[PDB]
Amino acid sequence: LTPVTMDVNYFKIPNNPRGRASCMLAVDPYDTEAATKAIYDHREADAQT
Amino acid sequence: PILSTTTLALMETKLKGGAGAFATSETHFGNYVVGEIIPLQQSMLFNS
Amino acid sequence: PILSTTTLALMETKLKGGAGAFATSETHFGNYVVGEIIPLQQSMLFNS
Amino acid sequence: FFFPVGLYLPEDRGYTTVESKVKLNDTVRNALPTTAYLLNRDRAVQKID
Amino acid sequence: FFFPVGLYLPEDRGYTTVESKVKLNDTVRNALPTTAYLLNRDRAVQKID
């Protein structure tokens, strides 16, 4: 990890330990390109942080 | 999250608490205490 | 108006408190707290 | 809802209610406020730069 | 579950939420969070480094 990583947000509230919270429950069902855009893409920020 | 302490001092500060101290989080200087979101340590062990 | 803080040190104090955690709005030199008039944060989100 | 950010409280009338519960280093960022913190509909600190 | 260790917090916005509680003896080793004391299945503390 980065030593600069925020603790008051990312570690106190539950979230994906991947560093980028995501859920198929949030992503539109039956989708791929916009679904992988929700996760591995960075130009579109995820929810939570 | 699970409770974590950089130093034993803050761990003793919450060990003194009779109940509910583990749920709180505290950050003294660069030392910090992650809170326990589910106080199972307060109960499941203590509940006996 | 709703909750507002500058330094995290004020947010940790407003979070550490129990009942009435946002009932007041402390001031600290240039930093200041602004407690919400309606305690939707203190109870409503948690109460369900 | 509304929340001010960046306001300068007066120095000649500056005060400190409840000093015992908090303490700060004399860094400039602790002196002049800059970025507010908030919360999401689920509670979590929410910085606004 | 997960537990962070080694996270740094900014000095310019660092603070003391519990000056009334502990009075740590000054040491450079207490500044950087090299270790994170934890728990066991029985109540205790479990150091890690």
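Residues numbered from 1 in each chain as written, not as in the entry; some residues may be left out. Chains lettered and ligands numbered in written order. Part of a larger assembly, values for the part shown. Heavy atoms only, no water.

- Method of determination, as given in the entry header: cryo-EM; reported resolution: 3.9 Å.

- Per the PDB entry, chain D goes by Major capsid protein and derives from Human cytomegalovirus.

- The PDB entry lists chain B under the name Major capsid protein, from Human cytomegalovirus.

## Side note on the overall build of chain B
Working step 1: Within chain B, the secondary structure is distributed over two helices and two strands.
Working step 2: The order of helices and strands in chain B, counted from the N terminus, is β-α-β-α.
Working step 3: In chain B, which comprises 48 residues, the share counted as buried stands at 56%.
Working step 4: Taking as baseline every contact in chain B between residues at least 6 positions apart, the subset at least 24 positions apart corresponds to 35%. (Helix = DSSP H or I, 4+ residues; strand = E, 2+ residues; numbered from the N terminus. Buried < 20%, exposed > 50% of the residue type's maximum accessible area, 1.4 Å probe, protein only. Contact = heavy atoms within 4.5 Å.)

## Comments concerning the interface of chain C and chain D
By a widespread convention, an interface's size corresponds to the accessible area lost as its parts come together.
Working step 1: Contacts between the two partners involve 23 residues from chain C, matched on the other side by 27 residues from chain D.
Working step 2: Of the roughly 2,500 Å² buried between chain C and chain D, counting both surfaces, carbon and sulfur atoms make up 63%.
Working step 3: Per-residue buried area on chain C facing chain D is highest for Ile2, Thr27 and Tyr32 of chain C; these three make up 21% of the total on that side.
Working step 4: Across the chain C-chain D interface, the total number found is zero salt bridges.
Working step 5: The tally of links from chain C across to chain D stands at seven residue pairs in polar contact.
Working step 6: Those elements that place two or more of their residues in the side of chain C that touches chain D are α1 (8-16), β1 (27-28), β2 (31-32) and α2 (40-47) of chain C.
Working step 7: Sort the elements by how many residues they give to the side of chain C that touches chain D and α1 of chain C lands first, with five residues.
Working step 8: For the side of chain C that touches chain D, a count of residues per class yields 11 nonpolar, 11 polar and one charged. (Buried area = accessible area lost by both parts, 1.4 Å probe. Salt bridge = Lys/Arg side-chain N within 4 Å of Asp/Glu carboxyl O. Polar contact = N/O pair within 3.5 Å; in protein donor to acceptor, adjacent residues only side chain to side chain. Nonpolar A, V, L, I, M, F, W, Y, C, P; charged D, E, K, R; others polar.)

## Brief notes about the pairing of strand β3 (residues 45-48) of chain D
All names here are of chain D.
Working step 1: In this structure, strand β2 (residues 36-39) lies alongside β3, joined through four bridges in antiparallel fashion. Residue pairing for β3: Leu38 is matched across the bridge by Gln46.
Working step 2: Where β2 folds back on β3, the antiparallel hairpin that results is connected by five residues. (Pairing = 2+ DSSP bridges.)

## Looking at the nonpolar core
Working step 1: Counting residues in each nonpolar core, the largest one holds 14 residues, and the members touching the most others are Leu3, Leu8, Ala9 and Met11 of chain C, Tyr37 and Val45 of chain D together with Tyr15 of chain E.
Working step 2: Looking at which element gives the most residues to this core, the answer is α1 of chain C, with four residues.
Working step 3: Discounting residues that sit within four places of it in the chain, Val45 of chain D has contacts with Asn9 of chain A, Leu8 and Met11 of chain C together with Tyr37 and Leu38 of chain D.
Working step 4: Of all hydrophobic cores here, the second largest spans nine residues; its members include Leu10 of chain B together with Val18, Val22 and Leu39 of chain E. (Core = buried A, V, L, I, M, F, W, Y, C linked by side-chain atoms within 4.5 Å.)

## A short note on the interface of chain E and chain B
Working step 1: At the junction of the two partners, chain E supplies 29 residues and chain B supplies 26 residues.
Working step 2: Overall, the association of chain E and chain B removes approximately 2,500 Å² of surface from exposure, summing both partners, and the carbon and sulfur fraction of that is 63%.
Working step 3: Summed over the three residues of chain E that lose the most area to chain B, namely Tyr37, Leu39 and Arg43 of chain E, the buried surface amounts to 26% of that side.
Working step 4: The interface formed by chain E and chain B includes zero salt bridges.
Working step 5: Linking chain E with chain B are five residue pairs in polar contact.
Working step 6: When its residues are assigned to classes, the side of chain E that touches chain B shows 19 nonpolar, six polar and four charged.

## Structural notes on the side chain of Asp46 of chain A
Residue and element names in this part refer to chain A.
Working step 1: Relative to the assigned elements, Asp46 resides in the segment after α1 (33-37).
Working step 2: Classification of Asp46 by relative accessible area gives buried; the value is 18%.
Working step 3: A polar atom in the side chain of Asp46 sits 3.0 Å from the backbone nitrogen of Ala21.
Working step 4: Leave out the neighbours within four places in its chain, and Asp46 touches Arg20 and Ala21.

## Observations regarding helix α1 (residues 8-15) of chain B
Working step 1: When α1 of chain B is considered as a whole, its buried residues turn out to be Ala9, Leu10, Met11, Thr13 and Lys14 of chain B.
Working step 2: Packed against the buried residues of α1 of chain B are β1 (4-5) and β2 (33-34) of chain B.

## Quick look at the packing of aromatic side chains
Working step 1: Within the structure shown, the criterion is met by two aromatic pairs over all chains.
Working step 2: Ring centres 4.8 Å apart and planes at 85° place the aromatic pair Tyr10 of chain A and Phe11 of chain A in the edge-to-face group. For the residue pair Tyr10 of chain A and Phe11 of chain A, the accessibility class agrees, reading buried in each case.
Working step 3: Where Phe11 of chain A meets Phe2 of chain E, the ring centres are 6.1 Å apart and the plane angle is 55°; that geometry is what we call tilted. Highlighted residues: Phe11 of chain A in the segment before α1 and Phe2 of chain E in the segment before β1 (15-16), drawn from two different chains.
Working step 4: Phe2 of chain E sits in the buried class, given a relative accessible area of 17%.
Working step 5: Among the aromatic residues, those joined into a cluster by ring pairs are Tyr10 and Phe11 of chain A together with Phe2 of chain E.
Working step 6: In this structure, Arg43 of chain D packs its charged tip against the face of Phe46 of chain C, placed 5.7 Å from the ring centre. (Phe/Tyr/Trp six-rings, centres within 6.5 Å; stacked < 30°, edge-to-face > 60°. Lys NZ or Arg CZ within 6 Å of the ring centre and 35° of its normal.)

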